[PDB]
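Under the deposited numbering, residues 202 to 212, 216 to 512 are what the sequence shown spells out, in order.
Built from N, CA and C at the ideal position, the CB exists for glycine as well.
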Amino acid sequence: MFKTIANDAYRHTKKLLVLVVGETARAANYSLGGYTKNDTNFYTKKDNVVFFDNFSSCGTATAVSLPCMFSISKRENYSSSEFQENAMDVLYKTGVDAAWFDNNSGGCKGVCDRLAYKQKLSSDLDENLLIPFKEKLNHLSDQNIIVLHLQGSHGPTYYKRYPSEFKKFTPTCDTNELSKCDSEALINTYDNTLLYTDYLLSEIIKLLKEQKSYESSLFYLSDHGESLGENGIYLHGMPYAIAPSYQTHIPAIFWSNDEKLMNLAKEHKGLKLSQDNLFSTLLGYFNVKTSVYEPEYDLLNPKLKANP
Ligand SMILES: [Zn+2]
Numbered sequence: 202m203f204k205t206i207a208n209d210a211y212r216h217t218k219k220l221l222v223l224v225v226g227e228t229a230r231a232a233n234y235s236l237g238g239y240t241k242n243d244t245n246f247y248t249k250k251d252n253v254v255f256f257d258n259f260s261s262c263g264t265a266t267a268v269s270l271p272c273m274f275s276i277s278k279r280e281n282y283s284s285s286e287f288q289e290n291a292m293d294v295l296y297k298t299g300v301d302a303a304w305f306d307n308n309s310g311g312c313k314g315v316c317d318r319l320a321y322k323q324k325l326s327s328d329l330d331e332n333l334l335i336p337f338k339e340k341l342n343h344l345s346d347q348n349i350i351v352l353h354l355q356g357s358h359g360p361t362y363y364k365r366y367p368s369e370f371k372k373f374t375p376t377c378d379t380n381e382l383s384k385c386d387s388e389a390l391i392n393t394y395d396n397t398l399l400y401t402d403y404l405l406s407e408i409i410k411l412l413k414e415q416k417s418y419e420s421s422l423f424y425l426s427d428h429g430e431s432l433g434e435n436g437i438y439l440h441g442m443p444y445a446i447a448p449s450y451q452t453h454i455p456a457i458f459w460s461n462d463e464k465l466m467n468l469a470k471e472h473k474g475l476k477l478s479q480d481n482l483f484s485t486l487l488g489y490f491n492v493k494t495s496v497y498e499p500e501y502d503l504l505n506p507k508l509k510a511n512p
């Protein structure tokens, strides 16, 4: 059975939301949030982006996180067996222009399947996403959501995620055989991947400022965190309930040229939020009218409260 959701949904202003779904990035290594060893957020710091310092993920592996964050279900009631429409289907059926560009080696895990304009790239440098993004910026409609799904910090071959121009933190760990590396070198490599992702964000913002015929927003969040040898744990996917915050505590970053959203975002940044919030935030952004919309979960809505 393929269940439909928000069957009562419907929708003016010229709007553009760029949703960036990250990969393996963990909040603890964001300088936007007070990480001091390496300045990982050098680029988006210059755009005064809003950083959510208390943002959690739905799961500890892509297979749970990616579908769940886009699903109507929150972490406590999500099941992997559910097979139904997600936030993107609701925006599409409600007439919003939806594009999904995927550079992630794992795919969209079924989220993008029913979109008309979706693309899979080769999972090389994330910068390749800027190509179909620029091309979609020519054929915009009145309301658009563009999803960019990053390879981001995918491990264990971290050193392959960024070009030499962003090997800024050294020495590095240029192997998948992570336990052989000094831990500082491993961290440096991991931080470089964050830096590269940070740069790409500000390049997205940079293209967004050339589009002022529209109200433009960037929302970036990771699917989950990552362990880097602390307590002998590597990679991710540890069962959520026993997982270290390294795997569940993720970055979330918002930017808009509409600085009223920018200041609603700034007001919420310290609240206990999570991927649970993505569903209503995405409906709310394109003003989708429906009963499944929960105003107290929309990040860009004054009635937003923290998670229970
Ligand atoms: Zn993942």
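Proximity winner among the options, relative to residue i (alpha-carbon distances)
i, options, result
"residue 263", "467, 230, 317", "230"
"residue 311", "320, 353, 277, 334", "353"
"residue 244", "447, 397, 227, 304", "397"
"residue 308", "433, 224, 301", "224"
"residue 296", "211, 372, 330, 368", "211"
"residue 237", "455, 290, 499", "455"
"residue 271", "450, 377, 315", "315"
"residue 464", "421, 235, 277", "421"
"residue 506", "492, 480, 472, 483", "472"
"residue 424", "481, 383, 317, 217", "481"
"residue 293", "483, 458, 508, 509", "483"
"residue 459", "409, 303, 346", "409"
Cα-Cα separation between residue i and residue j, rounded to whole angstroms
i, j, result
"residue 370", "residue 394", "12 Å"
"residue 254", "residue 468", "10 Å"
"residue 215", "residue 319", "In this structure residue 215 is absent; the chain steps straight from 212 to 216."
"residue 204", "residue 288", "4 Å"
"residue 431", "residue 413", "36 Å"
"residue 220", "residue 419", "6 Å"
"residue 233", "residue 239", "5 Å"
"residue 208", "residue 350", "23 Å"
"residue 291", "residue 486", "7 Å"
"residue 278", "residue 489", "19 Å"
"residue 417", "residue 492", "22 Å"
"residue 329", "residue 399", "13 Å"
"residue 451", "residue 269", "11 Å"
"residue 261", "residue 286", "18 Å"
"residue 388", "residue 242", "11 Å"
For residue i, the first and last residue of its enclosing beta strand (DSSP E)
i, result
"residue 491", "It is not in any beta strand (DSSP E) - residue 491 carries neither H nor E in the DSSP assignment."
"residue 260", "254-260"
"residue 322", "321-324"
"residue 219", "219-225"
"residue 422", "419-425"
Span of the alpha helix (DSSP H) around residue i
i, result
"residue 470", "465-472"
"residue 336", "334-340"
"residue 396", "387-412"
Distance cut-off 6 Å: residue i Cβ against heavy atoms of ligand 2
i, result
"residue 427", "Inclusion of ligand 2 in the displayed structure is not the case, the ligand content consisting of ligand 1 alone."
Presumed contact (8 Å Cβ cut-off) between residue i and residue j, rounded CB distance
i, j, result
"residue 326", "residue 227", "About 15 Å separates the two Cβ atoms, so there is no contact after all."
"residue 457", "residue 266", "Their Cβ separation, rounded to whole angstroms, is 19 Å, which puts residue 457 and residue 266 out of contact at 8 Å."
"residue 367", "residue 380", "Rounded, the Cβ-Cβ distance is 18 Å, inconsistent with contact."
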